[PDB]
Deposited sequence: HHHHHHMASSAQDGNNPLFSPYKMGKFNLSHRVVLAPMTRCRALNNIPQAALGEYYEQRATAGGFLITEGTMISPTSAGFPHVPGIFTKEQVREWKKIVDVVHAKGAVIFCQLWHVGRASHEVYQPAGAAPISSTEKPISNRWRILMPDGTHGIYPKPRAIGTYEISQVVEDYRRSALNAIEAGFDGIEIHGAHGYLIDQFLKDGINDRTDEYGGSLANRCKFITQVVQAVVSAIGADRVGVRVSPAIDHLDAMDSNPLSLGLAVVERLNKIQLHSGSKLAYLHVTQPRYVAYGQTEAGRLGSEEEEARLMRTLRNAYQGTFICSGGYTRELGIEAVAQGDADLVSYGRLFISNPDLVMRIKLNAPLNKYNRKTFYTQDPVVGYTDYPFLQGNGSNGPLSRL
């Protein structure tokens, strides 16, 4: 009776329900090494036939813009990820590793040798935004270094190698974080990308980087193990575009083309609701709904929606055909058994923003209780 619990074939993965763990940075992976705490956390939230997406994971030493976020670019990181994937698979869940490069959304403190973060541009995020520092204070986003096309090709290889490392750790697949003003989105958004070479200017040129990243990982591990996350309209880290809908449709067209040329469909397209922001709660609601349905209708495959969803809104999204899967973030922080609570329509427990990004392996992380 609940459409969130009708099964869904996500390529080769048979999911038993459509409630997805959205990718959430939590900063418990001390020194960028996956910790046992992550295993307990993902294990708590894993269900038989349920789909989990990990926190954004570094693809290279320049990828981070948060403290104690995990990487998957070293063999040490792969070894520790394997233990976490093992306990998630022990419960019959499917798990993808989100590959995350923040680009200009970093700080000297997070870069090797304190170097400038890399980006499409030299323009910094404005002082409207602040970066969380390792000591819990807020820092200023610095001026990034605009990389050339050889360096771009090396970042693409960082995605390729990290996708292979994810498969070696036992992940079922990876998600490309191409959203929220991070590195890929710094190429996509014409409010950021001021390049005059073949990666800037036109919409085709601005889409080159994400196309090359997706093509690289598809070639490496197979289309059916690759999800792609974008957010054509978002209020995060000055990632504006003059025509968000056309930008989204240009990206979708390239994903459709990659699928045709590879003869296989991606695992999914994951799109953030424009209402979702990092700095608080929640143009017009109809324009935002138009954008989501337009992208879904344009994409030849599985659509995951995310951002501000509740039990009722997730049911509606699946019932109306607005999405195939619904990913939940904050409610999954505070309800380890969110899937069961949604099935039972049991009351949900509140989440505590204060411990979203702290380092404690337990407090605010794995000590939210299950249903009594």
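Chemist: Report the unmodelled segments of the deposited sequence as residue ranges counted from 1.
Modeler: Unobserved in coordinates, per deposited numbering: 1-14, 297-301, 392-402.
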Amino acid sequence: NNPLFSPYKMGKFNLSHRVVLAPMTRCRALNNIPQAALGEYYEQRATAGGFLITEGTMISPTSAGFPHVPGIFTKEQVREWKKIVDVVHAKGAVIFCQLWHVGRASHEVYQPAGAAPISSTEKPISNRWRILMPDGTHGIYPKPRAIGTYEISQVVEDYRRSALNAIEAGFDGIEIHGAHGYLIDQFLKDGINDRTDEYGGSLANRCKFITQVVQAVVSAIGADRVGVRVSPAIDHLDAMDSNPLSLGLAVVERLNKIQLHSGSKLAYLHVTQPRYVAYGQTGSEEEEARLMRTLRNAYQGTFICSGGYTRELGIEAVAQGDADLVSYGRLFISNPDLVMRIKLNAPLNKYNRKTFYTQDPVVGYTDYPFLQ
From here on, numbers count along this sequence of modelled residues.
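Chemist: State which stretch shows the higher mean Cα B factor in the entry: 115-123 or 288-296.
Modeler: According to the PDB entry, the answer is 288-296.
Chemist: May I ask you to compare 155-163 and 261-269 by their mean CA B factor in the entry and name the higher one?
Modeler: The stretch with the larger average C-alpha B-factor is 261-269.
Chemist: Compare the CA B factors listed in the entry for 213, 102, 174, 203 and report the winner.
Modeler: Highest CA B-factor of the listed options: 203.
Chemist: Report the option among 98, 106, 186, 242 whose CA atom has the maximum B-factor in the deposited record.
Modeler: Going by the entry's C-alpha B-factors, 242 comes out highest.
Chemist: How does residue 11 rank on Cα B-factor within its chain, lowest, middle or highest third?
Modeler: Highest third, going by the recorded CA B-factors of the chain.
Chemist: Ranking the modelled residues of this chain by C-alpha B-factor as given in the entry, is residue 217 in the lowest, middle or highest third?
Modeler: Highest third of the chain for residue 217's C-alpha B-factor.
Chemist: Mind checking which third residue 301 falls in for C-alpha B-factor across the chain?
Modeler: Highest third - that is where residue 301 ends up once the chain's C-alpha B-factors are sorted.
Chemist: Sorting the chain's modelled residues by C-alpha B-factor, tell me whether residue 274 ends up in the lowest, middle or highest third.
Modeler: For residue 274, the deposited C-alpha B-factor lands in the highest third.
Chemist: Taking the entry's C-alpha B-factors for this chain, is residue 256 in the lowest, middle or highest third?
Modeler: It belongs to the middle third of the chain when residues are ordered by C-alpha B-factor.
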